[PDB]
Each structure stands twice: as structure tokens, then as C-alpha cells.
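One structure is given below, encoded as C-alpha cells.
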Amino acid sequence: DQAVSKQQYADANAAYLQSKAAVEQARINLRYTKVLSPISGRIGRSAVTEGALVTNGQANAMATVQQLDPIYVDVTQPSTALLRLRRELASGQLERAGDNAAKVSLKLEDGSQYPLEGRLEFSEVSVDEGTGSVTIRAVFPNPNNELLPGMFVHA
Amino acid sequence: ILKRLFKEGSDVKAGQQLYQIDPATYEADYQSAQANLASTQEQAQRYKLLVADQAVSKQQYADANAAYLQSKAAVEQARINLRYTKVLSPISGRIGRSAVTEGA
Amino acid sequence: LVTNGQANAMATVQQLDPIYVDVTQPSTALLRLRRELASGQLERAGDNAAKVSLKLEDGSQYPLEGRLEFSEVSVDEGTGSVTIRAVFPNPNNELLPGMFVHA
């Protein structure tokens, strides 16, 4: 029935929403204290136990959560091998594979072939200064806990 | 990092968004800034309608228009912080692996 | 002088009535054990497989047994060995943290 201005209602509603956003931004921190796990997977060991002082933006990780249904396999090819491939694929003495070219199979730490046969993507474009090696990424399926991240496989 | 949004090893465009950093506090800051902009926008429209018949001072209109442009600049700062998350690729070229996976 | 959250600590308060043990086994022996238990040629115990017993750095055995815990899923790049865990109770202070221990 217009006993107060429309503009005073707009200013008071702005104060309402501008304090509701402050409640949201102060509730974000209470959600940060109960440290939610950022991703699902198998957690390792707790690096800090209870009682240790913990600071903001800490460089030291408190726990490590990793999941491995696929596993990235980082494989380093020397650049002279890629360069002789580029010299031999241009001539007719080595034809490109095509439909079967993506499949890679890895040799495990006991000389036994891994039963599944994954695929590669992004042969990298930056070599390193020291050993002159292009790293090549390959993705492998991993149903059981057979491969572990940090092994030394061949491919 | 919530999730990464680029195929690793493709020609990413200039301005194609790569990641999505958790925008919760920045969405809160943008909602606060937009809530201030709504009221000062509306008051500047009212004094715009009132100066034509001189029912308000010209100086009170200049004060309302200054508060309105300050609040538009504050919403631009909040929008720039909301654009820095969901980080855009600054140039266009071949992209390698992600040294920071999603979750870190 | 003391500042707000520096590198060094002013004291170390530590509780030792249970004691964790960080046993490291290599990845090839873990892989051989996993293949041998997956195949039919080795049977795993159900109840006695959780028990772990020490052997201290003088050769004298430790009288109380202790329950096993997890193994990590990430073998580290340097030493090439996964790490295990165990919990050993000590009412008296026979075991103290930092000592070299077999299991």
C-alpha cells in the first residue's frame, strides 16, 4: 500500500542480498575446515597427524588421494628415433600402420606382458634439454590393482 | 580444480577455456556486487527521470550517477575474478600434458 | 622472538602408546606375491595373516604382536618400494619412535 518508497525497498533488499552473500562467503570457510576429499579414490597415509599446526596454502600435502581405473604410462622416446621415422615414412620403405597404430602393450617389472592392450595419445611436442627425449603418453585399463603409479615399465 | 576441459594434445584456441577452478567464493562476491548494482542502477534511473522536470538537484543526480558508475566498475572487478577462474588459454597452439591434474 | 607459523617448532609433543611401523617392501616381491596368490599355487591364511611380529635392531624379538594395516598404492620413484603399516601396543616404553625395526 506504499507506506515506504520503492527505492528504499530496493536499498534494503540490496542490503539483504549483500549480507546473504557474506553469509555464503563465511560458510565457505566452515566447509573448508572440514576438509572435503576433492576426488574419489584410494587414500594413502596421513602425513600430518592430529595436533599439527596447519597453515593456509600449505606446500606440504596432508594426504594423497589417487584413483587408478586407467593408468597413464609416460614413455620417453629419443628424438633421433622420431626423426628417422619421419625420414622413413616419407619414403616408401615404411608404410604407416593406420587403424592399428594406436595400440600399445606394456612389459611389466618381471618381463611378463600385461594382458590388456591400451592406446596412446599426444606424442609430445617439447623435447627436454638434457637427454633430447620426447615423452609419449599411453592409457591402459586397470580392472584389478595390478599396475601401480610409480613403477618402471617398458612399452 | 574441479575438472579439466581440454583434450591433451589438440590445437587449443585463443580464448578456449581449459580448467574450472572452484568458483564458489567468486560467485558469492559476484552476487554481492550485482546486488549493489541493482539498487544503484535503479536509483540512477529514478534520478534520470527526475532531472528532466528538475524535481531533484543536478548535484544529487551527479552523486547518484557517480555511485552507479562505481558500482558498475565493482561488478566488472567481480566479473574479472569470475573469468580468471575457468582459466582461458591466452594464446593458440599445441598443448602438452597437465602438470596439475584435477583435484589439486 | 616468535612469529606466526614459522619453519622450526618450539616443542614436539608426541604420543607413543600405540606405535606405527613403516615397513617397506620392493615392488617386484609385491608383484610376485600378487601373481602367486592370484594363481592357485599359494593359499592365503585368513586369521593369522594380519599378525605382524618385530625383530629389534639387536636381534631380540619383541614380545607383543600387532595388527597389520594397509599398503600404499603408489610406489615412490626413488627407492622403488611400496610401504606397509602396522600398529604395536606398548604399555611400557620398550619401543620408541625412530628405531630401525624388522617385521
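Just remember, in the C-alpha cells the first chain shown is A, the second B, etc., residues are 1-based per chain, and ligands are 1-based in the order shown.
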Counting only C-alpha atoms, which residues of chain C sit at most 10 Å from some atom of chain A, and what is each one's closest atom pair with its distance in Å to one decimal, listed by chain and rising residue number, as a tab-separated table?
```
residue	atom	partner	partner_atom	distance
C:4	CA	A:55	CA	9.8
C:5	CA	A:55	CA	7.4
C:6	CA	A:55	CA	10.0
C:9	CA	A:53	CA	9.9
C:12	CA	A:52	CA	9.6
C:13	CA	A:51	CA	8.8
C:14	CA	A:51	CA	9.4
C:27	CA	A:151	CA	7.7
C:28	CA	A:109	CA	6.5
C:29	CA	A:110	CA	9.8
C:31	CA	A:146	CA	7.9
C:32	CA	A:110	CA	8.3
C:34	CA	A:146	CA	8.1
C:35	CA	A:146	CA	9.1
C:70	CA	A:44	CA	8.5
C:71	CA	A:44	CA	8.1
C:72	CA	A:44	CA	5.6
C:73	CA	A:148	CA	6.0
C:74	CA	A:149	CA	5.1
C:75	CA	A:150	CA	5.0
C:76	CA	A:150	CA	5.6
C:77	CA	A:150	CA	5.7
C:78	CA	A:150	CA	9.3
C:80	CA	A:151	CA	7.3
C:81	CA	A:151	CA	9.1
C:82	CA	A:148	CA	9.4
C:83	CA	A:45	CA	9.9
C:84	CA	A:45	CA	9.8
C:85	CA	A:45	CA	9.1
```
Quiz item: Any idea what's packed within 10 Å of region 26-34 of chain A, counting only C-alpha atoms, ignoring anything in its chain fewer than 6 positions away? Could you give it as a PyMOL selection string?
Solution: (chain A and resi 20) or (chain B and resi 24-25+28)
Quiz prompt | Check: which chain A residues lie within 10 Å of chain B using only C-alpha atoms, as a ChimeraX atom specification | solution = /A:6-29,37-40,61,64-66,121-126,135-137
Exercise. Might you pull out every residue within 12 Å of residue 63 (chain B), with only C-alpha atoms counted and same-chain residues fewer than 3 positions away left off, and present them as an MDAnalysis selection string?
Key: chainID B and resid 40 43:44 47:48 56:60 66:70
Practice problem: Just the residues within 9 Å of residue 116 (chain A), please, counting only C-alpha atoms, with nothing from its chain fewer than 3 positions along; format it as a PyMOL selection string. | Solution: chain A and resi 105-106+113+140-142
Store the residues of this selection in a file with N, CA, C and O atoms, as a PDB file, in the first residue's frame.
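Listed below is the output, again_24.pdb:
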```pdb
ATOM      1  N   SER A 105      51.251 -52.132 -25.888  1.00  0.00           N
ATOM      2  CA  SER A 105      51.224 -53.144 -24.843  1.00  0.00           C
ATOM      3  C   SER A 105      52.479 -52.995 -24.001  1.00  0.00           C
ATOM      4  O   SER A 105      53.569 -52.798 -24.541  1.00  0.00           O
ATOM      5  N   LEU A 106      52.340 -53.091 -22.681  1.00  0.00           N
ATOM      6  CA  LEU A 106      53.448 -52.763 -21.801  1.00  0.00           C
ATOM      7  C   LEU A 106      54.075 -54.021 -21.219  1.00  0.00           C
ATOM      8  O   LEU A 106      53.395 -55.010 -20.945  1.00  0.00           O
ATOM      9  N   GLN A 113      54.284 -59.947 -20.094  1.00  0.00           N
ATOM     10  CA  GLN A 113      53.457 -58.998 -20.824  1.00  0.00           C
ATOM     11  C   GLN A 113      52.162 -58.728 -20.073  1.00  0.00           C
ATOM     12  O   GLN A 113      51.569 -59.629 -19.476  1.00  0.00           O
ATOM     13  N   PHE A 140      46.167 -47.121 -20.179  1.00  0.00           N
ATOM     14  CA  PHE A 140      45.941 -48.547 -20.024  1.00  0.00           C
ATOM     15  C   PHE A 140      44.783 -48.822 -19.080  1.00  0.00           C
ATOM     16  O   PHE A 140      44.723 -48.223 -18.000  1.00  0.00           O
ATOM     17  N   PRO A 141      43.862 -49.716 -19.433  1.00  0.00           N
ATOM     18  CA  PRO A 141      42.840 -50.139 -18.473  1.00  0.00           C
ATOM     19  C   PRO A 141      43.452 -50.950 -17.346  1.00  0.00           C
ATOM     20  O   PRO A 141      44.477 -51.612 -17.512  1.00  0.00           O
ATOM     21  N   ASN A 142      42.808 -50.886 -16.184  1.00  0.00           N
ATOM     22  CA  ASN A 142      43.342 -51.492 -14.964  1.00  0.00           C
ATOM     23  C   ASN A 142      42.184 -51.924 -14.077  1.00  0.00           C
ATOM     24  O   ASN A 142      41.777 -51.199 -13.162  1.00  0.00           O
TER      25      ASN A 142
END
```
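You will find CA of residue 60 (chain A) at 14.6 Å from CA of residue 8 (chain C).
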Practice problem: Please identify all polymer residues within 7 Å of residue 120 (chain A), counting only C-alpha atoms, omitting same-chain residues fewer than 4 positions from it, and present them as a VMD selection string. | Solution: chain A and resid 102 to 104 137 to 139
Where does DSSP see strand (DSSP E or B) in chain B, if you list the residues as a PDB file with N, CA and C atoms, in the first residue's frame?
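Dumped to selection_34.pdb:
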```pdb
ATOM      1  N   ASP B  11      45.002 -28.662 -30.829  1.00  0.00           N
ATOM      2  CA  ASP B  11      45.217 -27.238 -31.070  1.00  0.00           C
ATOM      3  C   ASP B  11      44.162 -26.430 -30.319  1.00  0.00           C
ATOM      4  N   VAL B  12      44.508 -25.986 -29.118  1.00  0.00           N
ATOM      5  CA  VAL B  12      43.576 -25.225 -28.298  1.00  0.00           C
ATOM      6  C   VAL B  12      43.511 -23.799 -28.831  1.00  0.00           C
ATOM      7  N   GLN B  17      38.453 -22.107 -22.940  1.00  0.00           N
ATOM      8  CA  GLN B  17      38.656 -22.340 -21.520  1.00  0.00           C
ATOM      9  C   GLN B  17      39.198 -23.740 -21.270  1.00  0.00           C
ATOM     10  N   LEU B  88      41.195 -19.188 -19.129  1.00  0.00           N
ATOM     11  CA  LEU B  88      41.206 -19.173 -20.577  1.00  0.00           C
ATOM     12  C   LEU B  88      42.636 -19.337 -21.063  1.00  0.00           C
ATOM     13  N   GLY B  93      47.747 -22.732 -29.620  1.00  0.00           N
ATOM     14  CA  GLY B  93      48.829 -23.598 -30.044  1.00  0.00           C
ATOM     15  C   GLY B  93      48.672 -24.991 -29.480  1.00  0.00           C
ATOM     16  N   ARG B  94      49.703 -25.802 -29.702  1.00  0.00           N
ATOM     17  CA  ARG B  94      49.714 -27.176 -29.219  1.00  0.00           C
ATOM     18  C   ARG B  94      49.921 -27.201 -27.713  1.00  0.00           C
TER      19      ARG B  94
END
```
Exercise. Find the spatial neighbours of residue 132 (chain A), counting only C-alpha atoms, within a cut-off of 8 Å - ignore same-chain residues fewer than 3 positions away - and output them as an NGL selection string.
Key: :A and (78-79 or 127-129)
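Using only C-alpha atoms, the protein and nucleic acid residues lying no more than 9 Å from residue 94 (chain C), apart from those fewer than 3 places from it along its own chain, are residues 62, 90 and 91 of chain C.
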Quiz item: What residues in region 26-92 of chain A get the DSSP label alpha helix (DSSP H)? Please answer as a PyMOL selection string.
Solution: chain A and resi 26-33+79-90
Practice problem: For CA of residue 51 (chain B) and CA of residue 5 (chain A), determine how far apart the two atoms are, in Å to one decimal place. | Solution: 18.3 Å
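One distance worth recording is that between CA of residue 64 (chain B) and CA of residue 80 (chain B), which is 24.3 Å.
Candidate residues C:64, C:57, C:21, C:87 were compared for distance to residue 100 (chain C), and the nearest is C:57, using only C-alpha atoms.
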